[PDB]
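Given next, in structure tokens, is a single chain: the form deposited in one PDB entry.
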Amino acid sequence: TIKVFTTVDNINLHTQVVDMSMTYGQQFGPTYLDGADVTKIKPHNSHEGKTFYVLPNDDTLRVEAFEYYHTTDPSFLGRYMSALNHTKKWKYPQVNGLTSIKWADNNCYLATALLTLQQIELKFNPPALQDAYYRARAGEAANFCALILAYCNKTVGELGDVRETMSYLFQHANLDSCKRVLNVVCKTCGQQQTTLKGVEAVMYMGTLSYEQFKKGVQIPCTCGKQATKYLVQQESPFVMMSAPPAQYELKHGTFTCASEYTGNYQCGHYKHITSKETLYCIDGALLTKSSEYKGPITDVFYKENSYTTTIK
């Protein structure tokens, strides 16, 4: 008989006694240790006082699991530990003061998302996400990347889209204060004003230029004719302008960071462009400096606080 620790959040810990003759699965159910599944493994002398992750089997563990991860999905813990076993072996080099990822298992889109998150203001609602967010900013980004995969229902090696990944993450962050007021003007129907909140207030698909969104874009109307949609007010710490990959010029100082995508749809590669004192390009562990940039951009991130249009 050996005393061990079981947990669902590595915060609230529970002291259980274990027996050598029975595997961990017979006594606790699905059980993990640093990514390894010890469900089929019998306890060893080394497995003493160590902390084990277990699937929630009682109400205390079920409540603690939601308090930390904000999900009751029974597959979350398994999909999380399955990704963690990969992300712990990845390399996270410091590139231009930012934490990146050495390329492995098509993680280009994860590295681009991780680099973007270090440059925009965001507060995650699940304590698991926020804690790993902080640890990732310090350099230990293995747990954070595994959580991103779990929350996005993506597996290691699967090909991912940065805009879709950011969208999933935004829905797990506090964006209630974020407001976007738009106005569409039709020559026949008239003018109509709509107010967006939360994730819809920080993302737009159609154009890469925040300026063009302020000038107005052509959107078809209910009557069938092309109308003009322009930004009236914007109260958010940032905005994300997305468009299908097209050739675009990035000017130093006019944007925070951007996503470059080359290759065929769903099978291609992602690079990260950020606007420090000069334009930097981060391709995983690689770094190149240039004063100008023209290439296939699909996401552009801009800083914002409060904006009210001057058009009437």
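For the two forms, the rigid core is made up of the largest set of C-alpha atoms that agree within 1.5 Å on superposition. For every residue, the number given is its place in the sequence shown, counted from 1.
Annotation for 193 to 201 versus 166 to 174: the higher mean temperature factor (C-alpha) is found in 193 to 201. Taking only CA atoms, the mean B-factor in the PDB entry is higher for 264 to 272 than for the other of 264 to 272 and 64 to 72. The top Cα temperature factor in the record, among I148, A142, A128, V217, falls on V217.
Of the candidates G160, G224, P237, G78, the deposited coordinates give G224 the top C-alpha B factor.
Sorting the modelled residues of the chain by their CA temperature factor places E277 in the middle third. Among all modelled residues in its chain, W103 ranks in the middle third by Cα B-factor. In the deposited entry, the Cα temperature factor of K187 places it in the highest third of its chain's modelled residues. Remark: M22 belongs to the highest third of its chain, ranked by C-alpha B-factor as recorded.
In the PDB entry, a CA B factor belonging to the lowest third of its chain's modelled residues is recorded for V300.
Quick note: we don't show the form deposited in another entry, though the next part is all about it.
With the core held fixed by superposition, the comparison between the shown form and the other one singles out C186 as the only member of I120, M203, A104, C186 whose CA moves by at least 2 angstroms.
Once the rigid core is used as the reference frame, the Cα position of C223 differs between the shown form and the other one by 2 Å or more. Relative to the superposed rigid core, the position of the CA of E249 differs between the shown form and the other one by less than 2 Å.
Core-superposed comparison between the shown form and the other one: the C-alpha position of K276 differs by less than 2 Å.
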